[PDB]
*Asks:* 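Structure provided below as structure tokens; questions to follow.
The chains referred to below are lettered A, B, ... by the order of the sequence lines, with proteins before strands, and numbering in each begins at 1. When reading the values below, keep in mind they use all heavy atoms of this one structure, side chains included, and skip hydrogens, waters and symmetry mates.
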Amino acid sequence: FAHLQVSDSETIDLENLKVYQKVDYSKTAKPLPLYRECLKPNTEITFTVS
RNA sequence: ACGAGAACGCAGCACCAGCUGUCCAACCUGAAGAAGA
């Protein structure tokens, strides 16, 4: 990884953001108080790795 | 009633002229703002 060379992401539209709540899997889907800002699905992101 | 008396070893003269404290050298290497149930 000392020779792996990854870059930062490119321009991302502000419209592609959303707020989601954590969901569980233990015997049910229990809502959680933690809400976080997330990019919506189906969003293109550009990188550059060498 | 002295081989003695008198007599500045003194006068003018820049330790001064030329000369980069310079040349070469990444503040660099590795690291998920992330996870219970």
*Asks:* What is the sugar pucker of B:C15, north (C3'-endo side) or south (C2'-endo side), as given by the torsion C1'-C2'-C3'-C4'?
*Replies:* south
*Asks:* Between B:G33 and B:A34, is the six-membered ring centre distance under 5.5 Å and the plane-to-plane angle under 30°?
*Replies:* no
*Asks:* With rounding to the closest Å, how many angstrom separate the P atoms on B:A6 and B:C2?
*Replies:* 14 Å
*Asks:* Might you confirm whether atom CZ of A:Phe1 has over 12 heavy atoms from other residues, nucleotides or ligands at distances under 6.0 Å?
*Replies:* no
*Asks:* Please report the distance separating the P of B:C27 from the corresponding atom of B:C23, rounded so that it comes out in whole Å.
*Replies:* 16 Å
*Asks:* Below 4.5 Å, heavy atoms only, C-beta onward: do A:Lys40 and A:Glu15 meet side chain to side chain?
*Replies:* no
*Asks:* Find the distance between OH (A:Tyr35) and NZ (A:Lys22) and round it off to the nearest 0.5 Å.
*Replies:* 12.5 Å
*Asks:* Do me a favour and sort the pucker of B:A31 into north or south by its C1'-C2'-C3'-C4' torsion.
*Replies:* south
*Asks:* Atom CD1 in A:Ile45, atom OG1 in A:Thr11: separation rounded to 0.5 Å?
*Replies:* 12.5 Å
*Asks:* Expressed in angstrom and rounded to an integer, what is the separation of A:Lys22 atom NZ from B:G36 atom P?
*Replies:* 6 Å
*Asks:* Could you check B:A14 for me: syn (within 90° of 0) or anti?
*Replies:* anti
*Asks:* Can you tell me if B:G33 puckers north or south, using the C1'-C2'-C3'-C4' torsion sign?
*Replies:* south
*Asks:* Kindly check the sign of the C1'-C2'-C3'-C4' torsion at B:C8 and name the resulting pucker, north or south.
*Replies:* south
*Asks:* Any base atoms under 4.0 Å from A:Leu32, or only sugar-phosphate, or nothing? Heavy atoms, all strands.
*Replies:* base
*Asks:* Positive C1'-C2'-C3'-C4' means north, negative means south, so call it for the sugar of B:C13.
*Replies:* south
*Asks:* So, taking the atom named CD in A:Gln21 and the one named CG in A:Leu34, what distance separates them when rounded to the nearest 0.5 Å?
*Replies:* 9.0 Å
*Asks:* Specify the closest pair of heavy atoms between A:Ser7 and A:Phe47, including all atoms of both residues, with the distance to one decimal.
*Replies:* O-CD2, 4.1 Å
*Asks:* Other residues, nucleotides and ligands only: do more than 12 of their heavy atoms fall within 6.0 Å of CD on A:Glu44?
*Replies:* no
*Asks:* Under a cut-off of 3.5 Å for both distances of each Watson-Crick or G-U pair, what dot-bracket string does RNA chain B give, using [ ] for crossing pairs and | for inter-strand pairs?
*Replies:* .....................................
*Asks:* In whole Å, what is the span from the CD atom of A:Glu37 to the P atom of B:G33?
*Replies:* 17 Å
*Asks:* Starting from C1' on B:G30, measure out to CG on A:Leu4 and report it in whole angstrom.
*Replies:* 12 Å
*Asks:* Taking atom P of B:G36 as reference, at what distance in whole Å does atom NZ of A:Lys27 sit?
*Replies:* 19 Å
*Asks:* Could you tell me whether B:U20 is syn or anti, where syn means a glycosidic angle within 90 degrees of zero?
*Replies:* syn
*Asks:* Roughly how many Å is it from CG in A:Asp24 to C1' in B:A35, rounded to a whole number?
*Replies:* 14 Å
*Asks:* In whole Å, I'd like the distance from the OH atom of A:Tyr25 to the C1' atom of B:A35.
*Replies:* 20 Å
*Asks:* Roughly, in whole Å, what's the span from NZ in A:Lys30 to P in B:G36?
*Replies:* 11 Å
